[PDB]
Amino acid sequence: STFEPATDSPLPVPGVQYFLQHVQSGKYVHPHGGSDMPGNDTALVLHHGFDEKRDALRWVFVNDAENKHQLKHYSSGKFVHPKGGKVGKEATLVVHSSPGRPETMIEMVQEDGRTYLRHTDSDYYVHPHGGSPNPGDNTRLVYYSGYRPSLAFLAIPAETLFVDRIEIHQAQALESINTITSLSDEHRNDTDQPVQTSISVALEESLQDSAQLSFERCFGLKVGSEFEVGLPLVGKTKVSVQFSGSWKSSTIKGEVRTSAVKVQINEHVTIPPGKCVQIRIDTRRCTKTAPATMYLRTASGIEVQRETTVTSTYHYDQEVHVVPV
């Protein structure tokens, strides 16, 4: 299915760079005038303009002991304040070189399946001035009571992270074992002497290993085209998995490069006269689900975290028997 920004918008991770997009208009959040160093009391506006290389369009959510629920302009380090210093009806959002306070708190929230910018501990949300679902370029953003779907924002990741590790939460780590039983053709010796007979089985489709990372909305982070992580696909022993997807994916597919079992079976069986045999392959499959924490690093080595669900199918043991028919 196609990425649907209204149902799939991720909640931003604090300390990571984001672009902010007004979903209904597709316009981005800019400082008015587009400077990398906006002046104090410069309004936040919506503008169709977009360039991934423009640091002036990057925003960072902050939530720490010194800055509780605040929003920072990346290129300037200025915070997003209500003009005049307290949230109220039609208070313009501005950048200002001063720390946030309780009466300036701003965060992205999920309400009825969409993400909005909200003044924490209030019913004031971020609206375009005039309330249009399709505001004109340079329309200022304001605080106003209540929300409606046309006010939704999408936080688009604006930097590339490294996936350092994924740690499974074993308290909810569930393994189901299933035997996959595969039979060759019947081979009969219709001669009057014992015959050594070549019997082959192809199991590629049956014994496909896989792993997936799943998210309720979407991964929401950029980590490059592929990344490798060790995952405990059966018991505690880590297996190398290569994942590839996009920040927009709700399921990131992983490849297991090293198979633990055989997918081509070639047996040489002595069949007595008049007798018929088959090769029987029994392959143990571990289907595993576990909540997990992804640990990612910024280029400067700041650690952030993302919850996921790890699902995997792994064929880990195999037996081959000659069975009579």
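The first residue of the sequence shown is number 1, and the count goes up from there.
A.B. asks: Comparing 16-24 with 301-309, which has the greater mean CA B-factor as deposited?
C.D. replies: Mean B over CA atoms: larger for 301-309.
A.B. asks: Comparing 216-224 with 92-100, where is the mean C-alpha B-factor higher?
C.D. replies: According to the PDB entry, the answer is 216-224.
A.B. asks: Could you tell me which one of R148, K236, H81, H129 shows the highest CA temperature factor in the PDB record?
C.D. replies: Reading the PDB entry, the winner on C-alpha B-factor is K236.
A.B. asks: Can you tell me which of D121, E107, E159, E205 has the maximum CA B-factor listed in the PDB entry?
C.D. replies: Result of the comparison over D121, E107, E159, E205: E205.
A.B. asks: Could you tell me which third, lowest, middle or highest, the C-alpha B-factor of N40 occupies within its chain?
C.D. replies: Lowest third - that is where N40 ends up once the chain's C-alpha B-factors are sorted.
A.B. asks: Per the entry's values, where does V60 land by CA temperature factor relative to the rest of its chain, in the lowest, middle or highest third?
C.D. replies: For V60, whose C-alpha B-factor we compare with every modelled residue in the chain, the answer is the lowest third.
A.B. asks: For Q70, return the chain-relative third of its C-alpha B-factor as stated in the PDB record: lowest, middle or highest.
C.D. replies: Lowest third - that is where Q70 ends up once the chain's C-alpha B-factors are sorted.
A.B. asks: For the chain shown, is the CA B-factor of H32 in the lowest, middle or highest third of its modelled residues?
C.D. replies: Its C-alpha B-factor belongs to the lowest third of this chain's values.
A.B. asks: Compare the C-alpha B factor of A171 with those of the other modelled residues in its chain, then answer lowest, middle or highest third.
C.D. replies: Answer is highest: the recorded C-alpha B-factor places it there.
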